[PDB]
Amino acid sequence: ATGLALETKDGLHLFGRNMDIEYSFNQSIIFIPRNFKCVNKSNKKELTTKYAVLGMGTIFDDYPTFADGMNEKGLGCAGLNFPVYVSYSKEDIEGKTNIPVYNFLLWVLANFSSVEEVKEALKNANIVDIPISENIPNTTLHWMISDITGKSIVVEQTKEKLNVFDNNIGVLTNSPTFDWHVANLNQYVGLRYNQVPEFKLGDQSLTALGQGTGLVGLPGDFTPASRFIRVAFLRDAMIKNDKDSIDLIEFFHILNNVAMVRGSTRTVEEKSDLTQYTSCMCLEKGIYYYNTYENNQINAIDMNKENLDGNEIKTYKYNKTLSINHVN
């Protein structure tokens, strides 16, 4: 799983993700209008949305849970895998605003409008390991949150406390912790985007045989660490050199580089780990762009073309049928 935040040539903010899994999770695009009451049948817990929500997820006993999404105010949140360094409390903690793991994403999007608003509420917050339904256990997760100011934060609950890191890298991946990755970036300060044409090795002259010689040392594998490295420097390079050319498609070019291909990443259960879908949320415009592994054409769902004061949940069929434009 890879998370990305970007700013277009005309002020707009793009925030999305790569979902990297070896399976399906019955996912669909889910729309929730303003003032919508949600009741969990299992534990009788209630949530009424203050803002309209649009994102990817699934529904259990009429209860919506999200993998990533955005609200009407331009706040976006993505839930990425966090294998070993995560730590949830099994029961509620007194004083703290206790949030069930499955419900954290919705809680961010339904209640708040800005990154700052989320920051403040998260000071007295705690993630509790209570499942959505009794035999549907919570997954190991950590979240990236971004808004229309261009600022992004990272939520990671360790054994010590709930950490809210400022994300000045603009990207998130998976384990280890965020501070580990930021420090790991220092190991790669020798990388150069500019072409290195020649090298004088004494009597022998060494000439570059192709482009991209200045990046030799970049890891090519699909581990969380390597993917963090690639996506961070690819992003940096684009901002530095081609800021005026950043539009919707550039978001996908960066993430495609860290996308898992069928066959190359095999689990111990002998399944192929794929980048099943890539989403991108235009926060200002309230549009959920996404494409899948089977169908690469960008599909757009606009929340402003729905009734935000509606009474029902609207869902959209996950598109896994390749769409080709026939020229002749």
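Residues carry their position along the shown sequence, with the first being 1.
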As stated in the PDB record, which stretch has the larger average Cα B-factor, 274 to 282 or 60 to 68?
-> 60 to 68
Entry-level comparison of average CA B-factors, 304 to 312 and 12 to 20, reporting the higher stretch = 304 to 312
Selection by C-alpha B-factor (highest) of 173, 205, 256, 187 = 205
Checking the entry, which one of 250, 236, 221, 134 has the top C-alpha B factor?
-> 134
Which third of the chain does residue 111 land in by C-alpha B-factor: lowest, middle or highest?
-> middle
How does residue 27 rank on Cα B-factor within its chain, lowest, middle or highest third?
-> middle
Select lowest, middle or highest to describe the third in which the CA B-factor of residue 267 falls within its chain in this entry.
-> middle
Residue 243 - which third its CA temperature factor falls in, relative to the rest of the chain = middle
Within-chain third of residue 121 by Cα B-factor, per the entry | highest
